[PDB]
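A short worksheet on the structure shown next.
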Ligand SMILES: [Ag+]
Ligand SMILES: [Ag+]
Ligand SMILES: [Ag+]
Ligand SMILES: [Ag+]
Ligand SMILES: [Ag+]
Ligand SMILES: [Ag+]
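In PDB author numbering, the protein residues as written are 43 to 109, 128 to 195.
Shown next, in the form of structure tokens:
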């Protein structure tokens, strides 16, 4: 079971990976649906990293401890982007749901709701797009 401290420690690099993937999409994605999704992921998840970073220092009096090829060389970026981003998002929703029943902090509770709602929604849309484009 996650604590607020451990959650931020794992979710931050996790969110940062989604952001980096999304950055590639801005250059490498062919579907405009994906570029839109990418800008959303970048905006929402960078905001959440900033919030988590800020809260971590207030609560724990120290900064957040600092702890490819299929996507890089790819000729079919849009396809492999979704293949990666779906289970990635599912992992975030899973971690957020876990913390949500353990946490006592109202700001963590609300952040979990955002992660769960926004990323579940992007999962639905990506599955539908995968079906339309590659089904
Ligand atoms: Ag994440
Ligand atoms: Ag990745
Ligand atoms: Ag790339
Ligand atoms: Ag993700
Ligand atoms: Ag995890
Ligand atoms: Ag298409």
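Ideal Cβ positions, reconstructed from N, Cα and C, are used throughout, including at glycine.
- prompt: In chain order, what residues place their C-beta within less than 7 angstroms of a heavy atom belonging to ligand 1?
  reply: 53, 56, 57, 60, 87 and 152
- prompt: Closest by CA to residue 63, which one among 98, 89, 99 and 146?
  reply: Position 21 of the chain shown holds residue 63. Out of 98, 89, 99 and 146, 146 has the C-alpha closest to the C-alpha of residue 63.
task: Rounded to whole angstroms, what's the CA-CA distance from residue 93 to residue 170? Just pull it up for me.
output: One-based indexing of the chain shown puts residue 93 at position 51. One-based indexing of the chain shown puts residue 170 at position 110. Approximately 12 angstroms between the Cα atoms of the pair.
- prompt: residue 144 by DSSP, collapsed to three states: which one?
  reply: As a working mapping, residue 144 is identified with position 84 in the chain shown. Reduced to three states, the DSSP call for residue 144 is helix.
message: What does the Cβ neighbour count give for residue 79, buried or exposed, with the cut at 16 atoms within 10 Å?
response: Counted from its first residue, the chain shown places residue 79 at position 37. Residue 79 comes out buried.
- request: With DSSP collapsed to three states, give me the class of residue 107.
  value: Residue mapping note: residue 107 aligns to position 65 of the chain shown, counting from 1. Note: residue 107 maps to coil in three-state DSSP.
query: Given residue 142, which residues of its chain have a CB within under 6 angstroms of its CB, disregarding the five upstream and five downstream residues?
result: Counting from 1 along the chain shown, the entry for residue 142 is found at position 82. Taken in chain order, the residues that qualify are 186 and 190.
message: Are the CB atoms of residue 87 and residue 57 within a distance shorter than 8 angstroms?
response: In the chain shown, counting from the first residue as 1, residue 57 sits at position 15. In the chain shown, counting from the first residue as 1, residue 87 sits at position 45. Yes, the Cβ-Cβ distance between residue 57 and residue 87 is below 8 angstroms.
- request: Verify whether the separation of the beta carbon atoms of residue 107 and residue 99 is less than 8 angstroms.
  value: By 1-based counting over the chain shown, the position of residue 107 is 65. By 1-based counting over the chain shown, the position of residue 99 is 57. Not in contact: residue 107 and residue 99 (Cβ atoms no closer than 8 angstroms).
- prompt: Under a three-way DSSP split, which group does residue 158 fall into?
  reply: For the purposes of this step, residue 158 is identified with residue 98 of the chain shown, where counting begins at 1. In this structure, residue 158 counts as helix in the three-state DSSP scheme.
message: Please tell me whether residue 51 and residue 128 are closer than 8 angstroms, where the distance is taken between their beta carbons.
response: Taking the first residue of the chain shown as position 1, residue 51 is located at position 9. Taking the first residue of the chain shown as position 1, residue 128 is located at position 68. Contact: no.
Inter-residue Cα distance where the pair is residue 140 and residue 152: Against the chain shown, residue 140 aligns to sequence position 80. Against the chain shown, residue 152 aligns to sequence position 92. Between residue 140 and residue 152, the C-alpha separation is close to 19 angstroms.
query: Between residue 131 and ligand 3, is the CB less than 7 angstroms from at least one heavy atom?
result: Reading the chain shown from its first residue, position 71 is the one you call residue 131. Within the cutoff, so yes.
query: With distances taken between CB atoms, is the gap from residue 176 to residue 156 smaller than 8 angstroms?
result: Within the chain shown, numbered from 1, the residue matching residue 176 stands at position 116. Within the chain shown, numbered from 1, the residue matching residue 156 stands at position 96. Cβ distance < 8 angstroms, so residue 176 and residue 156 count as in contact.
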